[PDB]
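Single chain ahead, written as structure tokens, the form deposited in one PDB entry.
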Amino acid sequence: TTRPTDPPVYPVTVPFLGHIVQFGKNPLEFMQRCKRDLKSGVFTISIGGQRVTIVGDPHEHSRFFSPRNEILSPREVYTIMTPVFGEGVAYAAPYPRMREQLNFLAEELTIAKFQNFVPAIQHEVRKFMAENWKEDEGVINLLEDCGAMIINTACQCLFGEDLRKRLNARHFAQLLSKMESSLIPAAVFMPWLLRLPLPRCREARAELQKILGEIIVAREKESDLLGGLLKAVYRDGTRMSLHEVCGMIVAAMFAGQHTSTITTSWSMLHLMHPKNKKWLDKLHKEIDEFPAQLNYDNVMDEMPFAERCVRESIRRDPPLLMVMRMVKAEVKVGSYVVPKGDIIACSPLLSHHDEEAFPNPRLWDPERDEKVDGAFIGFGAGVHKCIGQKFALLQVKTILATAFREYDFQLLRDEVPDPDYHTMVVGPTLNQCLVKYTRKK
């Protein structure tokens, strides 16, 4: 079964690997085991004879990230999420409707769009803090409260008043919530591997669609994200259907909700920890210079340290652990060739723990730089680099800047939380994010 060019191979049984996943075993240790015993950063896990090739050598990142869809294809490997977004909507939109739709989305999230996003995000953060952090001091779940701030501020930024009246952020976040109710690794991993349907979350879509479809008529009967998606064309002259606009609105809120929530929480948890006083003080040296009301230029271009804070949070504990493609034509990676039919993967989690690229990788050090160019991949790279990355950072950084200007925070355990590997998109353990707020003097 070997070819003169293939990477080293580690056989596993499906049960044995199934067991590792179901039981939420640290996936970093398993991949680091493999990287060492096979003495290669590029290596294959043969599951049921089912080849998964990992680009775990940060010097080889571009070999994963740069090829076109026709060579390394995202479609086949994410097709299981189709019920999430709908049948002809993203990874399920046939060629070339997938790239066309992602690009429409991308175009709704450029820096020309962000106009008054910042004041809008500050007002929502301050409404929240005013409604929820009312006392001189009080106890909260930081993970839960960041997620609220993330949905509220996202919807305020992206949605018009008709939308926010019919579908409030609370509602939105429930509907989103009961979808990744069926995207746990323990349940998805095996049908993802076999090529089996997603094992409830199509009921939540049909609720949204009906709701949006009403909103959508109300408007055509009578410049936000919805309105921009509604104006989108396509190469062939036709526009997106209701079903496609709903699906891309979902893909959007879905993509950014859990990832940004988690990044904000890790950032705040590191910063508040007594051993990171130096950084919190550094953070203040930067943000104490600014007025009550921030602008785009303030947050995007005059907070380099806040940004390092966010970036290193995603570096140490990236929320998307692993990014995949189907190899459609064999591809050169390092001194190996990765054959047609392989699943090829590149893992932020694995590369962000490479000792050369990120020495002492468990130390959250905001002043760190990658020691191998392009080793950091928390938002991916190349053809499929994240296109909400700028909105994400504008959002998280404004929240950090707004929350730390008014409050101090005590973490109510001794150590920063354990990541919890039981969810698809990975964050700190919920019960471990209990925190005391203290209103500034």
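Note that residue numbering begins at 1 and tracks the sequence as displayed. So that the term is clear: the rigid core is the largest set of C-alpha atoms that superpose within 1.5 Å between two forms.
The form deposited in another entry is left out here; the points below concern that form.
Which of these moves by 2 angstroms or more at the C-alpha between the shown form and the other one, core superposed: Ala120, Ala169, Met190, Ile140?
Single hit from the list, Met190.
Threshold 2 Å Cα movement between the shown form and the other one for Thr13, core superposed:
The answer is yes, as the C-alpha of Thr13 shifts between the shown form and the other one by 2 Å or more after core alignment.
Any CA movement of 2 Å or more for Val372 between the shown form and the other one, core superposed?
No, the C-alpha position differs by under 2 Å between the shown form and the other one.
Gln22 C-alpha relocation of at least 2 Å between the shown form and the other one, rigid core basis:
It does, since the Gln22 C-alpha is displaced 2 Å or more between the shown form and the other one after the core fit.
Closer or farther in that other deposited form, the Cα atoms of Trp192 and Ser347, when the shift from this form is 3 Å or more
Here the pair is closer than in that other deposited form; there, farther apart.
Would one find the Cα atoms of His19 and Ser347 closer or farther in that other deposited form than in this form, where their distance changes by 3 Å or more?
Relative to the displayed form, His19 and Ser347 draw closer in that other deposited form - a change of at least 3 Å between their C-alphas.
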